[PDB]
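Chemist: A single structure is presented below for examination.
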Amino acid sequence: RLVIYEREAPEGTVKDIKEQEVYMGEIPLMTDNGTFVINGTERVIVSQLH
Amino acid sequence: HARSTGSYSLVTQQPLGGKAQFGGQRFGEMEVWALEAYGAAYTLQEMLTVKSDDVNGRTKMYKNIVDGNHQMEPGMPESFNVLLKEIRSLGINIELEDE
Amino acid sequence: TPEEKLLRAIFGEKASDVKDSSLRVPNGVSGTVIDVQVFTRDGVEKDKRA
Amino acid sequence: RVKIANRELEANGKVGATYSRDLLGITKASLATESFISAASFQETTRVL
Amino acid sequence: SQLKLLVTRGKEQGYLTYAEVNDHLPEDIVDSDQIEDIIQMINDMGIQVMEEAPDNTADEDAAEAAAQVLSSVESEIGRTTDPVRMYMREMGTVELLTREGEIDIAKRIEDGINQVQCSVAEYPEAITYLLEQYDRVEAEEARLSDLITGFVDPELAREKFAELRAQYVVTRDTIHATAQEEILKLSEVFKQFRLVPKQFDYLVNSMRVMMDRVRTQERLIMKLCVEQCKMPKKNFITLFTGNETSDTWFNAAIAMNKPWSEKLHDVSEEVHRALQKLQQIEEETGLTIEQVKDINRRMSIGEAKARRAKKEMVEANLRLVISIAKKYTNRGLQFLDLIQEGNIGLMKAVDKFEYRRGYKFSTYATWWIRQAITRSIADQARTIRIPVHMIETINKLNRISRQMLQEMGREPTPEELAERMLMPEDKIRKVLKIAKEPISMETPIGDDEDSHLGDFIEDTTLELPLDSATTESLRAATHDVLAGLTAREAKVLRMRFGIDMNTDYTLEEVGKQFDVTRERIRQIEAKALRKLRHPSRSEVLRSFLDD
Amino acid sequence: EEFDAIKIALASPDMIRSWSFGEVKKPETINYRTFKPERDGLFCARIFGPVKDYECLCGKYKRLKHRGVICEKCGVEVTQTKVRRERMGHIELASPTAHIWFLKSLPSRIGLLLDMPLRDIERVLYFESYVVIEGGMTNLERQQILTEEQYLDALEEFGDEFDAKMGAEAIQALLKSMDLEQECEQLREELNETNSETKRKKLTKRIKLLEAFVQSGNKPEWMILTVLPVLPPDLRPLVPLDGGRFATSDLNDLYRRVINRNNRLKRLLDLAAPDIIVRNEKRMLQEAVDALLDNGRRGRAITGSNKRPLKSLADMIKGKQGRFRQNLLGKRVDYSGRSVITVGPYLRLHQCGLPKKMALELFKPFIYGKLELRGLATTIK
Ligand SMILES: [Zn+2]
C-alpha cells in the first residue's frame, strides 16, 4: 500500500494511497511428507542445531 | 569398473571418462612410494609417462601393443610441460640443458 | 585424408555429412524400456511418436 | 661436501676443516636440498622458486 | 617492543588467538587492510598459525626479517594499501569546490588556447600547410569539413581560404614597415577561424618540429662551443643573445682573444653549418630565431597554464566522479576501473566546456561521466565482447522481463516477449542464448574427493587410438596394394592421390610430367580402378571399410 | 632429447620477447557470434597458431602439404593445432612493474639486493613517497626517500643533478644504476675496518648474497617486469559447454584485466592527463599484475563473480591441488580397474581371480594384437 504524505505535513492529510498487489518469489510448498520438489527431484531440508 | 583407453582431459592430457568415472584409478602418491620401495622403476616410468600422460607415448604404446611388441617409448609428461609453461609465464626462465 | 581418399575412390562409397551420436545404452546394463517420454521445445513440429 | 673436500685435501698435504656435526628435525632436515624440483613438491613452492 | 613481546610469547607458546594479537596491537592501527597486513606478517613468519581459539611441524627460516618489519611498523605505521583508499586519500587533499571561479579557470584556459592560436597565426609553415591543403582538398582528395571543423556552407569556406591567400600574399610578398600591419590584419582574420582537433594537432606538430630543431641546433652550437670548446656561459650569453642568426658572433668570436675563442678554430665550419641551417629554418618561416623561440615559449606557457587548469578542475571534480561511479558497482567491472573511466570522460568534459553556453559544470559533466562509464561497461566487461546495441537489446529484455514477471504474474515466455518487444521473435531467442557469462572453469563441485569443474571437461580434438592404429595399418596395406602395380600404374595412382607425397595432383600436372593430359592417363586410371575393384584382390581393402 | 639437468634464471625482457609469438593488444577473446577467436586478443590465430589442424583461420589454405605457410589474410601458420599449446605472448607494458614474488617473499629480494627497508620500497612503488636515485654530491645520499613537499623543495635546492623518481621506474633506476662489485669491495672494507660481530655478521650475509647474485647469470633490473608473458591459449581454455555457456578458466579474466589497464594507461599517457590520474592507473596496473602472478600476498584477492578468490598463476603451481603435487605425482592411469573383492580360498597365494569382463576390458590392446596375429580377424576394426 504505497502511501504518500503531503509536504508541509509530518502526518498531514494523505494525498495518495495507491493499493496494488505485487508478486514476489515462489516459495516451494511442502508435500504431505515434508519433502519439497525443487527441480523434479524430491529434496529434504535437514533441521539445523546452533 | 575397468578402463583401457577412454576419453581424456582437456587441460592436461590425462585420463578422464565420466560414465562410471570411466577413467583409471588414481595412481596417487603413496603408490609411487610403494613402487620406489621395490626396486621397480620401469613400471613407475610407464605408470606416469606411457599409460597416463605423454600424448605420443600412449598412442605409440597402443600401436606397439596391437603389433605385438611390448616396448615403450616414453618421452616426457604433458603435466610437466604445463608446469614449464606456467612457471615460464611468470618471469622465471626455466629451461632444460641439452647434452 | 590421403589413401582413405584413394579408398573412397576405389569403392565410390559416399562419405556422409552426418555424425552418429545416438543415445546408446550404458555398457553393461540389461533391461526393459518401460517408458519413453518426449519433451519438446515449442518451436519444433512434434514428430510422429510424440 | 665438507667431508669429500677436506678428505681429499688431507689426501694431499694441506689441512681440512674441523667441523662440529649438527642434528636437525626431519621437517628441518628435509627442508634443505640441493635440487629444487624435489624441494618444491613439498615445501612452500613460492619460496623455493 | 610490545609486538616483539607478542613474538616471544608466540615462540614460547607456538600459536596465538585473535584476542591475543588483537590485544598486543599498537593502540591506533585499526585499518582492516592494515590489520591483515600485520596479521599476515605475524602468521607467515612463524608463529603459525594465528589459530582462532586453540588449544605438526612448521617450516620457515626468514622470521627475523618479518619480526623487523613488525617492530618497524609499530611506531610509524605502514599507513595504507588497497589502492582504492590510496586514491581516496590522494584526491581528498583538494579544496573540493570551485564556486563561481570555474569561469576564472576557464578564462585561464581560453588564455592558453587563444595564445597558441595567435602564435599559430604568426606561424608560416602551418599557414602554408593550410593553403596547400586548400589546393589538395579542392582536388577531390578531401572534404572541406575535414581540413576544418567549421569556423565560428564550405563555399563560404572556400572564399574564406581565398581571403587567406589574399591576406598572405599581401603580408608575405612585401618583405617591416607595412609587413607588420599585414600580419596584424592576418591576425584579425585568423583569430576567428576554427580548426579540427587534428588540424591544430598538425599545427603543434610542425611547431614541435620547429622547437626541436631549434633546440637540437642549440646543442650543435653549445656542445660545439660551450661544452666542446671550454666555452663558459658568460662569453657565450655575451654573444648568443643579440645576433643568434648571423655568423658574426662565432667566427668573429674565435678571434676574440678568448679561452674558448682560441680553441674554436677546429669547430668553425660545424658552427657555420649550425647557424646556416638556423637561417634555413628561418627561410622556412621568415622571422628571427628569437621570434620563433619567444612565440612558441608563449605557446608553451599558455599551454602549461591550460594543462594546469585541466588538472585543477578535474581534481576538483574527482569527488563528483566517485559519487557517480559508486552507482554501477555490480555491472561486472571493478570499482577503480569505473572511477578511472569516469576520470577520462571528465577529462573530455573539461576539454569542451564553455561558459558562454550558460550551463553549470556539475550538471553538465555528470552526463559525460555517465556516458563514458556506460560505454566502458558495454565494451570491456563481458568476457566474450559483444557490440553496443546488442547490449541495448539485453537491457531491453531485462526491463521488459521484470515488468512482465509481475504483469502476467507467473513468468514470461519467448513467444510473449516476441510481442511485447516488437522484435522478430527469434532475435529474442538468440539474444537470450548469448547474453550469459562464462563459468569460472575452476568452479568447485565439492560433491567428490576434491575436484574443479575444469577437471571434468573432456577432450574432442584427440583421435581414438583405434583410429591411429587403423590409419597406420591401412597405410601399410595400401603400400602393399600399390606394390601390386607398375611404375606408370603405381606412380600415377599415388600422384593422383595423397599417397606418401605432397599435395595431390590433377590431370594437368600429372599428364604434364607423364607427357599426356588426355584420355590416356584417364584410361590408365580407369583400368587401375578396374583391376583394384576386381574382387579376390581387394577383399582386405573392402575389409577396411567396416560398416 | 635425453637432455640434462634443468637450469633456471630470471626473465630477460629480451628473453620474454624471443619466447613470444606476437604482442597481445586487446582483451577480446572470441567473437560471440561465429566462435572463431578475435585478433588479436588473449586468444588468437596469427599469434598462438591455428585452431583447426592445418587450416588457416579464414580458410584460404587447408591442406597438409601447405604447412609452413602463413596466410596472407591473417598470417596463421598452417600447422597442427597442438602448437596452440606451446606458444606465449608478451605484453609490452607501458609502465614498468615490480614482480610480486621478488617483492613479497620475506625477505624482499629487491629489498636486500638494494639494502633498503621493505617499507620504503612499498612507499616508492605505490606513490606515497618519492625516492632519490644518484642524488649527486649536493646534499643527499642515494636511497634517501622523500615526500611531496620534500621533493618539490629539493627541486629548488638543485634544479639539475637532482634525480628523484617514484614508482616502478624509480626502483628500476635504483637497480640498474646500482653496480654490484662496487658493493662487494665496499663490503670487504666494512668487514676489515668495522668491528662488531653483528655488524660484520650481516656484512658477510649481504656480501655472500651479492657476490652470489653476480656469480649467478642474472642482472639487477630483471626483477622489474617490463614484459609480462601470457600463458598459451590451451592451458587456460574457453571450452564450449553444451548450451552456449562457455566454461572459461580464470587466467583469462586476470589477463583481460591487466590488458585493459595497460591499454587505458597508454591512452592516459598519450592525452597528457594530470598526475593523480596516471598514478591511480599505475597503482591499478600494479595490483592487476600482482593479482595475476599470485592473487595473494597483497591483501585481498580480486575475487571473481563468485565470492571465490579467483585462481592465478602461482596459485596453479602452489597448493596440494596444483600441478606439482596434484597432477605431477598422483595422476590417473590408463589400463586399470577396480572392484569389490571376495575370498576364494581355492587359489595359491601367487594368483588372484579376475572377472571375465574386467579381464576383457583391461587387456583389449593385447587381445586385438593376438587376434590380428593369429589371423582370426582381418583388420583391427
Ligand atoms: Zn588467413
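Following Swiss-Prot, chain F residues are numbered 15-395, in order.
According to its header, this structure was worked out by electron microscopy, 3.8 Å.
Cβ atoms are placed via backbone N, Cα and C, with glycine included.
Taken from Swiss-Prot, the feature Zn(2+) 1 binding site covers F:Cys70, F:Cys72, F:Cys85, F:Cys88, and the record attributes it to experimental evidence.
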Chemist: What residues, ordered by sequence, lie under 8 A Cβ-to-Cβ from F:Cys72 (Zn(2+) 1 binding site) and sit at least six positions away in the same chain?
Modeler: F:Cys85, F:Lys87, F:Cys88, F:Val90
Chemist: Report the member of F:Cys70, F:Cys88 (the binding-site residues) whose C-beta atom has the most other C-beta atoms within 10 angstroms.
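Modeler: Answer by Cβ density within 10 Å: F:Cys70.
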Chemist: Chain E sits near which of the binding-site residues F:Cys70, F:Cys72, F:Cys85, F:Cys88, counting only a Cβ gap under 8 Å?
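Modeler: Near chain E, no listed binding-site residues qualify.
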Chemist: Validating a neighbour-count step here. Other CB atoms within 10 A of the CB of F:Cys85 (Zn(2+) 1 binding site): how many?
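Modeler: F:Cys85 (Zn(2+) 1 binding site): 20 neighbouring Cβ atoms within 10 Å.
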Chemist: Neighbourhood of the Zn(2+) 1 site (F:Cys70, F:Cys72, F:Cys85, F:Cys88): other residues with Cβ within 8 Å of the Cβ centroid, in order?
Modeler: F:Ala59, F:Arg60, F:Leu71, F:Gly73, F:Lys74, F:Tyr75, F:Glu86, F:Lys87, F:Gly89, F:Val90
